[PDB]
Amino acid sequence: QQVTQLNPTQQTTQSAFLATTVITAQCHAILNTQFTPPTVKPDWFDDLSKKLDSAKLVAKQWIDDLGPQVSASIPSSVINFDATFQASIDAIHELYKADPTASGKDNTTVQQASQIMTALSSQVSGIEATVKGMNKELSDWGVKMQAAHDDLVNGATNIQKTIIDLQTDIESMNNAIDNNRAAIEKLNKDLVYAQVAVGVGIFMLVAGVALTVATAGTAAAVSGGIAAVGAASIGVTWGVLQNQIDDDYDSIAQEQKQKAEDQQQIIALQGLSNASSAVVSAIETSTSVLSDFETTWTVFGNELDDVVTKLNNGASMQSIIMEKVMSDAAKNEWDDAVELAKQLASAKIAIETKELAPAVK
């Protein structure tokens, strides 16, 4: 008993699409990261806030501009190829039916089949180049995000050096943050690499997580951001997220209550870069699965080129009809991949946002 596994083309399409969806979710988590000055605003506050603003700026470039383009391009590459693929395979099968044993470069059936496959391979190479280009746009955006993340991390680290006597409290806080980062990363990565069709009902849960007693918008408050993508068929819930933050942060909540509120804020400052560390991780996953998706097209084009080479070397149409790219199994797999791509392209991704706080005990 296993839910029918995704075929290879379905798999790379869905994983690449979902990974880019995780980037979007983590960009929303950056937008839900916040902190409020203490009653007496320290001299470092404005410049650190500027670094958070810079990370938010880059996050919005993805949400508003690049993200919708990259995410749509993945299923569209499959969908928009279908018409010429169907017409080409149908034309080859008619050529074969009319003369199944036709062979030789001088044979008109061979010449027409070869031209059909050559044109199809050219189209595949164009799609391959589009996917490669989308990975480049992602990479260039990721360089900007990484720079904003690094400066926010460095800025918080520098402020944390300046308040002596809190270095043990800071290490405790950071250990809890690291544990929570890994748990949320796993929720998202398990979805990206799911081997079952995700279907229509994709959603993202985005939260600010209180890292101080002071709640969002009150003096000296800090909220880190987290986000998780889910789907109705496969699962993350608000209760899962709450239970995870309670497990990772419960002791830290008790430690923070022992400190003055301005100190609590300083102890929590690495939390400002939680969400951007999650984005950086999501970029790494997306780059890898987008390369896998590019490879799907490279392999496809090489299979088409191999049939052209065989025809050029005198193979009969009957010999070609037995090649994998010409098989009914391959055609049904392609049809299933088109159906899944249409589902992903039409999916309306719901977003739910909440401000959470770890439970004390």
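In case it trips you up, residue 1 is the first one in the sequence shown, and so on.
- A chain break between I234 and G235 is present, corresponding to 1 to 3 residues of the deposited sequence without coordinates.
- Stretches 19-27 and 6-14 differ in mean C-alpha B factor, with the higher average recorded for 6-14.
- Checked against the record, the higher mean CA B factor of 113-121 and 218-226 lies with 218-226.
- Among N158, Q270, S172, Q242, the highest C-alpha B-factor in the deposited entry belongs to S172.
- When the Cα B-factors of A275, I74, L166, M145 are read from the PDB record, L166 comes out highest.
- Sort the chain's modelled residues by C-alpha temperature factor and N332 lands in the highest third, per the entry.
- For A55, the recorded CA B-factor ranks within the lowest third of the chain. Only modelled residues enter the ranking.
- Sorting the modelled residues of the chain by their CA temperature factor places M317 in the middle third.
- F300: CA B factor in the middle third of modelled residues in this chain (values from the PDB entry).
- For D250, the recorded CA temperature factor ranks within the highest third of the chain's modelled residues.
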